[PDB]
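Chains as they are written, first to last, in full-length UniProt numbering: chain W, 4 to 81; chain F, 2 to 207; chain G, 2 to 61; chain S, 2 to 25; chain Z, 2 to 128; chain C, 3 to 100; chain A, 2 to 156.
Worksheet for the structure shown next.
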Amino acid sequence: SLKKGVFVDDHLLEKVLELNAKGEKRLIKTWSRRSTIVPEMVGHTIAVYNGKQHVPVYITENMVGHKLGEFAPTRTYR
Amino acid sequence: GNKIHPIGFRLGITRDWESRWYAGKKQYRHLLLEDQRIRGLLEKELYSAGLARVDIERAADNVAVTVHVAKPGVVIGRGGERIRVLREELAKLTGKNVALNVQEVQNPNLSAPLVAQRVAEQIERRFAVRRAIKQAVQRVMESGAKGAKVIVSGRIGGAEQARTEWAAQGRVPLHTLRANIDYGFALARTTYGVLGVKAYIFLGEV
Amino acid sequence: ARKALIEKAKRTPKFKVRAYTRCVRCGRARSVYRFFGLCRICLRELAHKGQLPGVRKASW
Amino acid sequence: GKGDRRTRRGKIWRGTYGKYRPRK
Amino acid sequence: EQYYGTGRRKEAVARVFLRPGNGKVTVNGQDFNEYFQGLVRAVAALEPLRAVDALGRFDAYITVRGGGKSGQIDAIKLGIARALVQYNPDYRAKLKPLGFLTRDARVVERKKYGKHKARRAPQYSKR
Amino acid sequence: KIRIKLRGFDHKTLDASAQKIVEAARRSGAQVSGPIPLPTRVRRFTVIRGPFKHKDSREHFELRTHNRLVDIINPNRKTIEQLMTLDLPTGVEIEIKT
Amino acid sequence: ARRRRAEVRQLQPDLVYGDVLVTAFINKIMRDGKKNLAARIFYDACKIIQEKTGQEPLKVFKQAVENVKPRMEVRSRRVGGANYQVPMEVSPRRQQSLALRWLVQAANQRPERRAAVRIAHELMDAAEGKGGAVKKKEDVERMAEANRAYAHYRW
RNA sequence: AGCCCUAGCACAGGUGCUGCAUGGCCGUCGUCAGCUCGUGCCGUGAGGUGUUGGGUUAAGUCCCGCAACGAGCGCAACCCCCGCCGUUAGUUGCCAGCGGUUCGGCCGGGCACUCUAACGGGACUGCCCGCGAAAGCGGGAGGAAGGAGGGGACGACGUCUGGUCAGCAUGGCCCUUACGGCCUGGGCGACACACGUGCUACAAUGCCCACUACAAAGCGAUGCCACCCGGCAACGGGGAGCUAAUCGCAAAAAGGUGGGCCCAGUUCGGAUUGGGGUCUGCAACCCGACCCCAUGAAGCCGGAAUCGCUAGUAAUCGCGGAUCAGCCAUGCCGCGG
Ligand SMILES: [Mg+2]
Ligand SMILES: [Mg+2]
C-alpha cells in the first residue's frame, strides 16, 4: 500500500497550493482520483470524475490518508 | 476437420527445414523476422520465376538465400542486370552482406508448390475447375511420380454453395512417415471469393 | 481497432508499463510467445512449414 | 491445512515464506 | 573378493557389491536399518539371499540413488540377485521360479492433454 | 589443452561436423579426450490446435539444443590449419577455450 | 469384461506370516495409497491379540474371516412387471472379499479411538462369532431364505 | 531532389454486418473397421458381386471357401519416450582399487560403475507339449522383456448447412468533420438469484512443532540469486558465483523418528472483518499479490439425481514451465513419490 510519498498528482497541488495564497473554490474539477488526500488541504470541495461526471465532495479532516475516488463511487444501486 | 500438415509431420526423416541456421534466446526473434521479410519481398517480387523453396543459411552477417526456381534466368536479366538489383534490395534492409544463389528443378511438375500455383492461376482466368485437377494430376503422374492428388476447396465456378473437388492417382500414403510427399498450397483471389488449392506428390521410401 | 493499434504497439510510450508483445505476422494481442513475437496461431503455421529452425513435433 | 497461511502447509501450498515457514 | 549387479526400478538405480562372510550391509554409507527405518517392507530387499540360503553370510556395499525409497528398496532387490548369478552360474535355477530377475517394467505413465492426469478425464455434466 | 564448445539443433551434424575435429587434431596434433555430450536443453511450446475455443486437443513442439564438448592436449599450429579453416558445419556455434 | 474372464490379480505374500490373505487384508485397510501406515496398523493389531488372548493372531484372523463369509445372497433381478431379489450361492472369491471388506468396515464403525484396537477387537469379537461384521452377514443369509420363494429363477 | 509543414485531390482506416457467400485451421460420430476404384461377371435399370459366408483377430488382421482377380484411402508397419545388453566418448560418476583427505569425491589418480547422448543389438509365435484343414487358440522352456512388453505422434469416404468475418486471408454489403482516430477517467470485477468446473474442509489411517537427502523433468547475464547483515516476517542492504551436466531458483511433500492435542465445532476448518506493513508499477479507490497481529463463519461426509478410473491406473503428495512489471493460477501443459 506504499510508504515513500503519497503518489498524489502534480497538477493537483500546483492548483491547491497556489489556490491557498487566498482561495476559496468549489469549481475545482479533477480526473486524478488516484491521488492521496493530502494533510489538511481541506475546506475546498473537490469535484471528482467517476467516469461519467464530477462529484461535489466537500472534504473534512477525518478523511485524510484515503485516496480521492473512495468518495466518487463508480456504479449505481449497490 | 482432421489431418496434419505433411511437412510438419515429416521434419524428422523425409524433409528438412527452410532455414538451417542455429542461434539463441535473444537473436532468434530477429534472425526470424528478417528471415521472413526476405521471403516477404522475394515471394511477392519474383513470382514469375516460379519460386518453390527459398532455402536459407546463416553464420553471423552472412546469409546463403538459395532461391529455387525452374525459370532460373528470369531472376537474372540477360547477364546480370536484375540479380544485381536484388543483392542490392536484400542488403539494403538487411544491414549485412547477402550471398544469393539461384537454382533449377529439373522437373517443375514434381514441385507441389508450383503445381498448386499453376492450378491456382487457371482458376482466376475463369478456367475448367475440374479438368484442371484432372490435368494437373496427369501432368505430375506423367513425370514418373509414385502418386499424386490435388484438392480445390469452394465456390468452384463461382457457385454460391462452397464445394470440394479432389482427384488422385497411384499411392499417396499420407500415414507413412518414410513417404517423401511434397506439399503445395496455393491461393486464388477470384472476384467472388478465395479458393484454396492443395497438392500432394508421392515418391519416397527406405 | 486493429490497425492504429498494431502501430501504437511499436512506439515507445509515456511510462514503459503500457508496452506489450504482438504477433508480428498475424498482428495479435494474445498468446504471443516471447522467444518469437508470434501468436500461437501464426506459429503453429510456420512451425509446420519448417520456416522455424530446429522446431520439431514433440512425442513421448 | 492448506488454507491457513499460518500453518507450514498453508505456506508450502501458497508457495510463500515467513514466520510460519522460514527460508532454512 | 567382489561381485556385482545393477538393479533398477522406476527412476532408481542400485549399485551393489557383495563380499563373503559377515551379514552387515552398508547402503549409501549407512547401516541398512538407518536408511530404511520404520519402512516395514525393506526386509524384502534382502529376500534374494534367503532364497539361495546365503542368509546373512555375505556383507554388501550399496550405493542407490534416483527417485524413491521403496523403488530403491526393489532396485537393491535386483542387484542382491543379479550379483549372485555372477558368483555362481547355477544361481539361476532357483531365482527364476521366484523371478527376482525381471527388471519390473512399470513407470509413471504420462500426463495427456485434456485429461486431468494421464487417464482421469474431467467431469461431464450433460445438462 | 584446448576446450571447444559445440551447440546445436541438429544432433546428427555436431557428431558429424565436430568429429572432423577428432581427425584434423589427431593427424597433425596428438592426444585427444573424445567428444563428451552434454545434456540437452529442451524448450517446449504447447498450442491449442484451432484458432478458437477447443481448449482440449493441442499440439506439442520442442526445439532442442544439443550440447557437445571437445578437449585435445596438443596445442600446435600444426593443428591450427584445418582447425583454422577447412569446413563442414552450417548451423553450429563454437566457443574457443584453453 | 466382455472378452476374457479376467485373471485374479495375484498378491505378494506377507513379509511376516507369509500369507497372501494377510496382505489382501492389509490392502483394504490402506487409505490414500499409504501402505506403510496400513501395515503398521495390522501388525500392531496382532500385538493386541497377544496382550489380550493366549492365542496366535493368524489363527484368530483366519477363523474370524471364516466366520464372516456368507453362503447365500440375493442378487437383484428385473423382469417386466416387478423386481426380484433372487438367492444364489456365493463363489469363494466373492466370499473372500465381502468378509475382508466387511471386517474393515465393521471395524471402522466401532468406538475405540485408535486404528489398531478397532481392528483387534472386531477380529476377536467376530472369531467368537458376535461381530457387527457378522451382523451384516447373517442379514444377507437371512435376506436370501426370506426371498426363498423367488429362488427358482437363479440365472 | 529529398524530406518535412499547411490548402487541396486520388486514397487510407473501420474487432462495423454476413461462418448460410468463402480459404485456412479446429471440434464431432471416432482411432470406430470401415469407405471405395479398375477391370471381369449378374441385372431392362437404380444397382449387385468383389466387401457375403465358415474359422480368427484389437481391426475389411489373417486363413479356408467362393464369378471374381487385383488395387487405392483406412488398420497394422516406417518416427518419439519407456523398459534389457553391447559399441563409441570423460571439468557428471567414484576407495570400485591404492595413496595422500583441514575428512566437502576436495587433491592427485582412473572410467570400472552410475549417469549424460549417439549409434547398434533384442522378440519372430522362432522352440517343446496339446487342439486345428489352415490362420491361429490353450499351456510350458528359455529370456530384462511373449504372443499388440507399456505410453505417445498419427484421425479413411464423409456426417453434423458444427465452430471462427474478433488471429489472419477473403466476395459482398454498410461508415466515411465519423460505425475512423487520440486521450483522460469509468466498465469488462455490478448482485434477489440459478447451473457448470474446481479448490479447501468437515478430522485421531488426523492436525501441530522439532529434527531427519529417498531425488525424479525444467527455468535463469534489462536475469537465477548462493552467503552475510537488518527485520517475528513480506522484504531491504551489501555481495560472490554461473552465457550455467560446473553456479542459482531448490525446501521436494507425503514418509521416518520424537514430542504435543484426547473426540471437543476442538491445537478440526480458515471463510469474514479490523489493524499495521512489504513489493511491482507513472498510478494499486473502484480493481493487485505478499507478510504479520487480532477476528475466527459455514461445515460432524451431503435429497432425488449424477461423474472418473481396469495398474504404476484410481486414490494421495509435492516439483517446474508457458504468458508475465506485478498478479487475482485453486486454471492450464508437464515431472516424479
Ligand atoms: Mg431384378
Ligand atoms: Mg470476463
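In this text, a Cβ means the ideal position worked out from N, Cα and C, and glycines have one as well.
C-beta neighbour in chain F for residue i, strict 9 Å
i       : result
G/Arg57 : yes
G/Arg26 : yes
G/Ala10 : no
C/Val94 : yes
G/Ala48 : yes
G/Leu6  : no
C/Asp12 : yes
C/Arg9  : yes
Supposed contact pair residue j and residue i - C-beta distance, whole angstroms, cut 8 Å
i        : j        : result
W/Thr39  : W/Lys70  : 6 Å
F/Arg156 : F/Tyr193 : 6 Å
A/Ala100 : A/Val66  : 5 Å
C/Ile75  : C/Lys3   : 6 Å
Closest Cα partner of residue i within the set the options
i                      : options                                   : result
F/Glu206               : F/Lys147, F/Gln37, F/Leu91 and F/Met142   : F/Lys147
C/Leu85                : C/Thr15, C/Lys14 and C/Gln21              : C/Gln21
C/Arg66                : C/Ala26, C/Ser59, C/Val44 and C/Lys57     : C/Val44
F/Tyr201               : F/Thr192, F/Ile182, F/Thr191 and F/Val103 : F/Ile182
F/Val76                : F/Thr95, F/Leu175, F/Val64 and F/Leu101   : F/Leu101
F/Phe186               : F/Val99, F/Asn98 and F/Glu122             : F/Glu122
Z/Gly68                : Z/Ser126, Z/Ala15 and Z/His117            : Z/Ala15
F/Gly13                : F/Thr95, F/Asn3, F/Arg179 and F/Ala117    : F/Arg179
F/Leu204               : F/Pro114, F/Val141 and F/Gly78            : F/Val141
residue 216 of chain F : F/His176, F/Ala168 and F/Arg59            : This structure does not reach residue 216 of chain F, given that chain F is present from 2 up to 207, and the question cannot be answered.
A/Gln106               : A/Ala134, A/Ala150 and A/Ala116           : A/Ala134
C/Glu95                : F/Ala53, F/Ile57 and F/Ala24              : F/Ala24
F/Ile57                : G/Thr13, G/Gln52 and G/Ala48              : G/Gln52
Z/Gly6                 : Z/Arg104, Z/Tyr36 and Z/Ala122            : Z/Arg104
C/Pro53                : G/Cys43, G/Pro54 and G/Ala48              : G/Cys43
G/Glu8                 : G/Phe16, G/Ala48 and G/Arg29              : G/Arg29
W/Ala50                : W/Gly68, W/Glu64 and W/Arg29              : W/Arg29
F/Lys26                : G/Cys27, G/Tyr34, G/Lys15 and G/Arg19     : G/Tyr34
Z/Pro21                : Z/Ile81, Z/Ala13, Z/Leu40 and Z/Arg9      : Z/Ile81
W/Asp13                : W/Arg37, W/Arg78, W/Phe74 and W/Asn53     : W/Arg37
C-beta neighbour in chain A for residue i, strict 9 Å
i       : result
Z/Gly39 : yes
Z/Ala45 : yes
Z/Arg42 : yes
Boundaries (first-last residue) of the beta strand (DSSP E) holding residue i
i        : result
W/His57  : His57 to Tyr61
F/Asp183 : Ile182 to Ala187
Minimum Cβ-Cβ distance from residue i to chain Z less than 9 Å
i       : result
A/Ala40 : yes
C/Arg46 : no
C/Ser59 : yes
Run of the alpha helix (DSSP H) containing residue i, from where it starts to where it stops
i                     : result
Z/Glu48               : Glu48 to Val53
A/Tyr44               : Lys36 to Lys48
A/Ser98               : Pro93 to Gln110
residue 88 of chain W : Outside the displayed range of chain W (4 to 81) lies residue 88 of chain W, so it cannot be described from this structure.
Beta carbon proximity, residue i to chain C, threshold 9 Å
i        : result
G/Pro14  : no
F/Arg21  : yes
Z/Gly115 : yes
F/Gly25  : yes
G/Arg23  : no
G/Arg31  : no
Near ligand 3: residue i beta-carbon under 8 Å from a heavy atom
i       : result
W/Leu16 : Judged by which ligands are present, ligand 3 is missing from the structure shown, whose ligands are ligand 1 and ligand 2.
Proximity test, Cβ basis, 9 Å: residue i and chain G
i        : result
C/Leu65  : yes
C/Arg79  : no
F/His176 : no
F/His6   : yes
C/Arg43  : no
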